[PDB]
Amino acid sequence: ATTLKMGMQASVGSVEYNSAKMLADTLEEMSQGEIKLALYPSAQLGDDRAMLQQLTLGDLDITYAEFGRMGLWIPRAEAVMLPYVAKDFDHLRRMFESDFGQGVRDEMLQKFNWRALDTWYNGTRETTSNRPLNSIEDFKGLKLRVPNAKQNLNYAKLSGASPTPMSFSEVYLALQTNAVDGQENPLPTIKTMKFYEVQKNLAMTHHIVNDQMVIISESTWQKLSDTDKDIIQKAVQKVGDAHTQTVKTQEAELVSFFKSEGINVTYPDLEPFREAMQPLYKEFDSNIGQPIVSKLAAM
């Protein structure tokens, strides 16, 4: 039998990790145990950049990574993680399957020995606030907590809010005291930190859509039998369907939980947001040398 090593920053009990175990179960079934999967969670081998280098060298067999995260090595890939470029996951999936996506996935393989087998939906960031946000006009003046990360800052800046960097442990009390007016995160994070206790409103801003690519080392892929390749390919697709459905289900359950706890959930029109991000798309189109963003948005 063969044992493949899979590493990830997520921890036990997470959806990424539960889907890795379902992949391990599925590989045991479809191979009669000829394939077994050993899981290294909690960034015990390093962060995604480190485990991606381990895939390049063949020291790690499989790992997760976002499509946009390739922008550190393949700069045009950052386009898909610019705010509001991806309208929903099926749009981000159509970008993954597009000529643009195939070209990135070709460059991943030929340069870095990363074979991307599939992409999975991993949730969407939404915005909570102490006052209702029914349109982009309400964002003016909003003290909005973002991580110190380029695109989350740009989302706050260009919607008209006042981006407020702050360490994650300090935010609950800052929302409680209204020192900060709101924050933006995935819905499971909002329940996890119990931000809903100190936030009366939740806007479905859908400003950032997240994916996980499932990447296997080409050095491992070349050593595998073509039967095993087919088993792995089919197992990843089967588990990705379930992973995407699990995330979509938990978001719907969390919105229903927030509505049951008295939270006002707003659904603003997002085309004003898309038009408000155009200065950031222009900065990207010009630095990348090709008008790419208008191209992904129209898919």
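When you see a residue number, it is the position in the sequence shown, counting from 1.
Q: Can you tell me which stretch has the higher mean Cα B-factor, 172 to 180 or 107 to 115?
A: Stretch with the greater average CA B-factor: 172 to 180.
Q: Taking only the CA atoms, which stretch has the higher mean B-factor in the record, 277 to 285 or 5 to 13?
A: That would be 277 to 285.
Q: Which of these has the highest Cα B-factor in the record: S135, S217, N148, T205?
A: The record points to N148.
Q: Per the entry, which of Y64, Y40, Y267, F257 tops the list for Cα B factor?
A: Reading the PDB entry, the winner on C-alpha B-factor is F257.
Q: Taking the C-alpha B-factors as the PDB entry records them, is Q237 in the lowest, middle or highest third of its chain?
A: Answer is middle: the recorded C-alpha B-factor places it there.
Q: Where does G46 sit by CA temperature factor within its chain: lowest, middle or highest third?
A: Lowest third - that is where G46 ends up once the chain's C-alpha B-factors are sorted.
Q: Among the chain's modelled residues, which third holds the C-alpha B-factor of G68?
A: Lowest third, going by the recorded CA B-factors of the chain.
Q: Thinking about Cα B factors across the chain, which third does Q245 belong to?
A: Middle third - that is where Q245 ends up once the chain's C-alpha B-factors are sorted.
Q: Which third, lowest, middle or highest, does the CA B-factor of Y121 fall in along this chain?
A: Its C-alpha B-factor, which the entry lists for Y121, ranks in the lowest third among residues of this chain.
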